[PDB]
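Below sits a lone chain in structure tokens, taken as the form deposited in one PDB entry.
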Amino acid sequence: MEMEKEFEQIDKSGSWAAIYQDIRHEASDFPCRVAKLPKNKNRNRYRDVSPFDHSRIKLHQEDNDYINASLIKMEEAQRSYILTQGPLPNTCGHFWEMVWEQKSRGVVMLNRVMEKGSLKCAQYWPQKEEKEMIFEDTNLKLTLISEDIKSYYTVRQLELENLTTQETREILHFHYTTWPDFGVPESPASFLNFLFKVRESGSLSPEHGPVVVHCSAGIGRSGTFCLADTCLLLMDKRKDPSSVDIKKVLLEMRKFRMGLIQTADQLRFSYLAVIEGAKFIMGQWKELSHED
């Protein structure tokens, strides 16, 4: 399998770090002037992680439309994602205003609220049906409707209400809960399963706004999700699946948001996910059926 073979060549030569550095060097650099405005200081989790001005998402509110989020538009694959940082105590209302204004169906969360004894993002969703959340600054209501805790992830149904208009929508929260505190997963099996669970839900589909993907910084684990998904999608769209080059797909995603894939291990893991994902697609995690 084309890339598989390259994969193995990089392993033999032990050059993941060198491959990864080439990407860091070749990546786009665009300005992030709005992100750096003194007034957005508390809207950014990390100083070194900002959205480029050209692909940033804008809040449809007057005066301060800023949120640390980017639209990654994959023209060939026909997929769009909004990669964002994990909400802060002060940006949960902005986070949901965005979900609302962008017409997203799903939110993909790839971290735990606490990891390594530290807080990785705010608790931005209700944990109990009877205890709903209200975000006064953006005038929105959010209710946990149902929760389905599984082995490697938890899916939640939430109801988001725009208090101004009393309009409501169902939002699906797909929460991968098993990313290990250090390094990356040993096998992609579970991440691939989770990705395909997200697809199944319609959250990545054209009839809805872009999916909202986040981790803590919104470039590491988050990059892996979008990169893996796009690559797989391209492999069954093209006449020559082997022609799909991950490094080049990654460089294209980085035109829209900086840092996607933060370590050589994340890179190696992404290859793995695509390779094993393609191999699954070409023959238990799913029904032997072919009803469709």
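Just so we're on the same page, rigid core means the largest C-alpha set that superposes within 1.5 Å between forms. Residue positions are given as counts along the sequence shown, with the first one as 1.
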>> Are residue 283 and residue 284 truly consecutive in the deposited sequence, or are residues between them missing coordinates? Give the number as none, 1 to 3, 4 to 9, or 10 or more.
In response: 4 to 9
> Which wins on mean Cα temperature factor, 161 to 169 or 88 to 96?
Replying inline: 161 to 169
> As stated in the PDB record, which stretch has the larger average Cα B-factor, 268 to 276 or 5 to 13?
Replying inline: 5 to 13
> For the listed 200, 129, 115, 101, which has the peak Cα B-factor recorded in the PDB entry?
Replying inline: 200
> Hey, what third does residue 38 fall into on Cα B-factor, ranked over its chain?
Replying inline: highest
> Is the Cα B-factor recorded for residue 229 in the lowest, middle or highest third of its chain?
Replying inline: lowest
> Of the three thirds of its chain by CA temperature factor, lowest, middle or highest, which one includes residue 235?
Replying inline: highest
>> Split into thirds by Cα B-factor across the chain's modelled residues, where does residue 61 land: lowest, middle or highest?
In response: highest
>> How does the C-alpha B factor of residue 72 compare with the rest of the chain: lowest, middle or highest third?
In response: lowest
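Beyond what is shown, the protein has a form solved in complex with a small molecule; the following relates to that form.
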> Any chance residue 55 has a heavy atom within 4.5 Å of the small molecule in the bound PDB entry?
Replying inline: no
> Taking heavy atoms and a 4.5 Å cut-off, does residue 219 contact the small molecule in the bound PDB entry?
Replying inline: yes
> Just to confirm, residue 215 within 4.5 Å of the small molecule in the bound PDB entry by heavy atoms?
Replying inline: yes
> Where among 136, 75, 181, 130 does the Cα move by 2 Å or more between the shown form and the other one after the core is superposed?
Replying inline: 181
